[PDB]
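Student: when you get a sec, could you give me coordinates for this:
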Amino acid sequence: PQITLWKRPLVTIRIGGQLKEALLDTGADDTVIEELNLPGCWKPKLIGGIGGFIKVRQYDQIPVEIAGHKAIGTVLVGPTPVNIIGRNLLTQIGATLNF
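Tutor: Numbers count the residues shown, from 1 in each chain. You can find the structure just below:
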């Protein structure tokens with residue numbers, strides 16, 4: 001699709017077999033999802049945003065479907081304010097910015 005930015009670019013994703021809403025975020029290096037359980041082992045990581053740093057669980061090689069497009073990559077799980085799809089998965093679905 002082509003998505004304009006007059007509203008937040010919120011889309012439906014599938015991850016761990018569950019539906020979630022997430023923000024397509026070109027300002028995020030990584031994909032960060034609210035607390036949930038994912039299958040597999042994870043490792044602890046810290047990541048930072050405008051407000052400071054948070055602790056997250058890093059899961060690798062996780063299938064994520066974004067608006068019907070498939071990705072398989074790293075998902076960080078933790079106390080993010082909003083679920084965000086970052087560049088590590090946006091590149092996998094061929095998303096670009098255009099103007």
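
Student: going forward, measure contacts between C-alpha atoms and count neighbours the same way
Tutor: Noted.

Student: in the chain, which spans are strands?
Tutor: Listed in chain order, the strands of the chain (DSSP state E) span 10-15, 18-24, 32-33, 43-49, 52-66, 69-77, 84-85.

Student: can you put those in JSON lines and add mean neighbour count and distance to residue 97?
Tutor: Below are these laid out as JSON lines (neighbours: other Cα atoms under 10 Å; distance: least, Cα to Cα, whole Å):
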{"stretch": "strand 10-15", "mean neighbour count": "16", "distance to residue 97": "16"}
{"stretch": "strand 18-24", "mean neighbour count": "16", "distance to residue 97": "11"}
{"stretch": "strand 32-33", "mean neighbour count": "24", "distance to residue 97": "20"}
{"stretch": "strand 43-49", "mean neighbour count": "11", "distance to residue 97": "21"}
{"stretch": "strand 52-66", "mean neighbour count": "16", "distance to residue 97": "17"}
{"stretch": "strand 69-77", "mean neighbour count": "19", "distance to residue 97": "17"}
{"stretch": "strand 84-85", "mean neighbour count": "26", "distance to residue 97": "14"}
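
Student: reformat those as JSON lines; add distance to residue 96.
Tutor: Listed next are these as JSON lines, based on distance: least, Cα to Cα, whole Å:
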{"stretch": "strand 10-15", "distance to residue 96": "16"}
{"stretch": "strand 18-24", "distance to residue 96": "11"}
{"stretch": "strand 32-33", "distance to residue 96": "19"}
{"stretch": "strand 43-49", "distance to residue 96": "22"}
{"stretch": "strand 52-66", "distance to residue 96": "14"}
{"stretch": "strand 69-77", "distance to residue 96": "14"}
{"stretch": "strand 84-85", "distance to residue 96": "13"}
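
Student: what number of residues lie near residue 91?
Tutor: A count of nearby residues for residue 91, using other Cα atoms under 10 Å, gives 12.

Student: again with residue 68
Tutor: As a burial measure, residue 68 scores 11 neighbours (other Cα under 10 Å).

Student: for residue 42, same thing?
Tutor: Residue 42 has 15 neighbouring residues, counting by other Cα under 10 Å.
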